[PDB]
Amino acid sequence: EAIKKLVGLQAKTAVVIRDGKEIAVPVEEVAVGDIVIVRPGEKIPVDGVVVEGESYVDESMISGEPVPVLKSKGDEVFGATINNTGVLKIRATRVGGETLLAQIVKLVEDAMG
C-alpha cells in the first residue's frame, strides 16, 4: 500500500550502454548521463529524458492515471514506471535519492519522522 508499495516498486537492475555495448548492472551503478535501454514490459529504472524511441509508458503507480502516456524523444520519464510498447533509450537525469519516487518517500519519511 501507498509509500511502502512505492519503495517495493523501485527497479533493482538496469541495462546501460557503455563502451558501445549493453551491460546489465545493479541500479545503484547507474550514473547521471548514462544511456539506459528499456524494453517493452520492463521497468524504467531511473528518471531521465528519452533520446531514442517512442513508446506508451504506464505511470499509474505514481500519478494514478490508468491511461498510459506517450513518450518520444525529449520527453521526461520516471523511475518505477513501466515501459509498455516500444524500446526506449533514455539519458539518466536523476538517480538514487534524487528520483521522483525517492523524493516522495523522503517527503513522507521526513514529515512522519
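Residue positions are given from 1 per chain in written sequence order; they need not agree with the entry numbering, and residues without coordinates are hidden. Side-chain measures here rest on the full set of heavy atoms in the structure, leaving out hydrogens and waters. Residues with missing side-chain atoms are left out of burial classes, side-chain pairs and their counts.

In terms of determination method and resolution, the entry is listed under X-ray crystallography at 1.650 Å.

A. Layout of the nonpolar core. Core analysis: the biggest nonpolar cluster contains 15 residues, and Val30, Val36, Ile44, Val46, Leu88 and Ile90 have the highest contact counts within it. By the criteria applied, helices consist of DSSP H or I runs no shorter than four residues and strands consist of E runs no shorter than two, each listed in order from the N terminus. Elements with a contribution of two residues or more to this core: β1 (13-18), β3 (35-38) and β9 (88-94). For this core, the element with the highest residue contribution is β9, accounting for three residues. For this analysis, a nonpolar core means a set of buried residues of the types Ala, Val, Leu, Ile, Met, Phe, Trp, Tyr and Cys, connected via side-chain atoms within 4.5 Å. Buried means the residue's accessible area, taken with a 1.4 Å probe over protein chains only, is under 20% of the maximum for its type, while exposed means over 50%, and partly exposed covers the values in between.

B. Representation of the sheet that holds β1. Between any two strands, pairing holds if DSSP finds at least two bridges. With antiparallel pairing, six strands are arranged side by side in an open sheet as β2-β1-β3-β9-β4-β7. Of all strands in the sheet, those bounded by a partner on one side alone are β2 (21-26) and β7 (76-77). One ladder, built from two bridges, connects strand β4 (residues 47-52) with β7; its direction is antiparallel. Of the residues in β7, the one forming a bridge with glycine 48 is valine 77.

C. Local environment of the environment of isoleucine 37. Following the sequence through the fold, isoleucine 37 ends up in strand β3. Separated by 24 residues in sequence, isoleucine 37 and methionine 61 place their C-alpha atoms 21 Å apart. Only heavy atoms enter the contact rule, under which two residues are in contact if any of them lie within 4.5 Å. Residues within four places of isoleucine 37 in sequence aside, it is in contact with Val15, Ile17, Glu22, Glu42, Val87, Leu88 and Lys89.

D. Local environment of helix α3 (residues 100-112). One fewer than the residue count of a helix, multiplied by 1.5 Å, yields its expected span. The end-to-end C-alpha separation of α3 is 18 Å, in line with the 18 Å expected for 13 residues at 1.5 Å each. Turning to α3, its buried residues number three or more, namely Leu101, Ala102 and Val105. Taken around the axis of α3, the buried residues stretch over an arc of 95°, which confines them to a single face. Every exposed residue of α3 that faces more than 90 degrees away from the buried side is listed here: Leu107 and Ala111. This arc is taken over the directions from the axis of the helix to the C-beta atoms.

E. Focus on the side chain of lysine 71. By the element assignment, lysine 71 lies in strand β6 (residues 69-71). Among the polar contacts listed, one links the side chain of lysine 71 to the side chain of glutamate 59, at a separation of 3.0 Å. The contact partners of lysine 71, leaving out residues within four places of it in the chain, are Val50, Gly53, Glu54, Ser55, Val57, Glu59, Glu76, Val77 and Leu88. The term polar contact refers here to a pair of N or O atoms within 3.5 Å; inside protein, the definition further demands a hydrogen-donor-capable atom paired with an acceptor-capable atom, and it admits residues adjacent in sequence only when both atoms are side-chain atoms.

F. The arrangement of the layout of surface pockets in detail. Cavities and pockets are found on a 1 Å grid laid over the protein atoms alone: a cavity is a set of points where a 1.4 Å probe fits but cannot escape, a pocket is an open set with protein on both sides within 12 Å along at least five of seven lines, and a lining residue has an atom within 4 Å of such a point. Grid points are joined across faces, edges and corners, and a volume is the space filled by probe spheres set on the points. Computed from the structure, the largest pocket encloses a volume of approximately 200 Å³. If you go around the largest pocket, you meet 16 residues; those closest to its centre are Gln10, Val27, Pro45, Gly96 and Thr99. Side-chain classes follow a simple rule in which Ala, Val, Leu, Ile, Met, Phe, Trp, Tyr, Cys and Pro form the nonpolar group, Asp, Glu, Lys and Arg form the charged group, and the remainder, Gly included, forms the polar group. When the residues that make up the lining of the largest pocket are grouped by side-chain class, the tally is ten nonpolar, five polar and one charged.

G. Representation of the pattern of salt bridges within the structure. The term salt bridge refers to a pairing of a side-chain nitrogen on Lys or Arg with a carboxyl oxygen on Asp or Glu at a separation within 4 Å. Counted according to the given criterion, the structure contains seven salt bridges. Of the charged contacts in the structure, one is a salt bridge between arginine 18 and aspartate 34, with a shortest N-O distance of 2.7 Å. Here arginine 18 is found in strand β1, whereas its partner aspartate 34 is found in the loop between β2 and β3, with 16 residues between them in sequence. Overall, the relative accessible area of 8% leaves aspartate 34 in the buried class. Of the charged contacts, one joins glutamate 22 and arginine 39 as a salt bridge, the two residues approaching to 3.0 Å between their closest N and O atoms. With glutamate 22 in strand β2 and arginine 39 in the loop between β3 and β4, the pair connects residues that are 17 residues apart, well separated along the chain. Take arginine 39: its relative accessible area is 34%, and that puts it in the partly exposed class. Each of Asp47, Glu76 and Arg94 takes part in one network of salt bridges that share partners.

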